[PDB]
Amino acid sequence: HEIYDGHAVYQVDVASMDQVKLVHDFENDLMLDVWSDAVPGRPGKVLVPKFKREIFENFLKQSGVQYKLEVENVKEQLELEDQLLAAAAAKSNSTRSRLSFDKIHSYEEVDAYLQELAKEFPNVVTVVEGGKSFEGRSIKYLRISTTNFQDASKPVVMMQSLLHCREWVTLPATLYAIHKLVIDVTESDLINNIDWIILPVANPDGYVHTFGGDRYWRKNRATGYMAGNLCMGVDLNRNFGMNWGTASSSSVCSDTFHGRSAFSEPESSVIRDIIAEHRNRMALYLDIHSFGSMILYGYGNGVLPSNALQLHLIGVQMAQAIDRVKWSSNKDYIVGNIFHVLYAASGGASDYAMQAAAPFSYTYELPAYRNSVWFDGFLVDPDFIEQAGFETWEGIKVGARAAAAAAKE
């Protein structure tokens, strides 16, 4: 039935830096799905196929690297999520013009919703198609403004989600931002003094594919990269022009494949064109991902930007605002450089935006919500959907106001 029947989730615990490199390269050459990188003090998670389980733990054993079996068959966890999301969708009063926060919405429902918003709120909302995905799907975003992007004195705040299609919890967060800026405006300063760009579904082809098929897919759906298309798709968070190809995979079978060149994919190209059009006054750029409970910045390569101190300061302000309203079960937000906290990475969206436009640019890593069955992962429990949105919006508005208050530059 599933391509995940027999797949197991492992937790790798590394003691030193020597092992961080060891485990990292091994995972890459075996082309494993690395959910989170291993580092001393915070063990990582990796999805290992049934036909590679013996080879995988064989290497760790002879290398002296601790590991241990979290989930023997991820299929059971996938089937539960379907069961939990299916029941939430049945009880939901969600409609075409009003998407609720009690279920996960598909690409089609988000696409229709955006268009309905521009009919009911034409003075502040403007729906625009930034382009077409590889498989031809229409990728549209919102431009929220009371001055119709006409007053160039107002700063712009860009926000996006679903770049990695399997990170489903990112969509609620960006959808909540639309809800508070359009539907339920309780804070007039955020709409009057700031112009907003929101892109809900940055990877429509992958997102649709994760809905009926490969749940754990993250790349886009680009073909023509291998004979008979045995392997396909490009990691869009490695396809951006900031130091492209320096810290990513060269194999199309890898989940971190950078592509032919920088902005070779249509999904990343459309984002580039949006950034370019508004680079003259873009104050803040946010690439919302899942999973980690961290706010990162920098440049994936380790080198820090000139305004590093300012970047970290605003990051801490956004983190503290989220931690003040968090779930007791969940942990506090981490702040820092991308290279320092996780691992070397290039071609990232937030890095490029920083280089061509926003003085302040972060990559959000939303919390992995735990429950009775699963722990940390990409699966969504319908009870965290609203909290995921509300929690993040606390950090976003604090950041938007703080970043906008950098009109002293």
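So that there is no doubt, residue numbering starts at 1 and follows the sequence shown.
With respect to the recorded C-alpha B factors, which stretch has the higher mean value, 165-173 or 298-306? Here the higher of the two C-alpha B-factor means belongs to 298-306.
In the PDB record, does 115-123 or 275-283 carry the higher mean Cα temperature factor? In the deposited entry, the stretch with the higher C-alpha B-factor mean is 275-283.
Selection by C-alpha B-factor (highest) of 378, 59, 360, 384: Within the set 378, 59, 360, 384, 59 shows the top C-alpha B-factor.
Residue with highest C-alpha B-factor in the PDB entry, from 34, 349, 366, 342: Max CA B-factor in the entry, restricted to 34, 349, 366, 342: 342.
Within-chain third of residue 259 by Cα B-factor, per the entry: Within its chain, residue 259 is a middle-third residue by C-alpha B-factor, going by the deposited values.
Looking at the C-alpha B-factor of residue 131, is it in the lowest, middle or highest third of its chain? It belongs to the middle third of the chain when residues are ordered by C-alpha B-factor.
Grab the CA temperature factor for residue 247 from the record and place it in the lowest, middle or highest third of its chain. Its C-alpha B-factor, which the entry lists for residue 247, ranks in the highest third among residues of this chain.
Within-chain third of residue 327 by Cα B-factor, per the entry: For residue 327, whose C-alpha B-factor we compare with every modelled residue in the chain, the answer is the highest third.
Would you check the entry's CA temperature factor for residue 92 and let me know if it's in the chain's lowest, middle or highest third? Its C-alpha B-factor belongs to the highest third of this chain's values.
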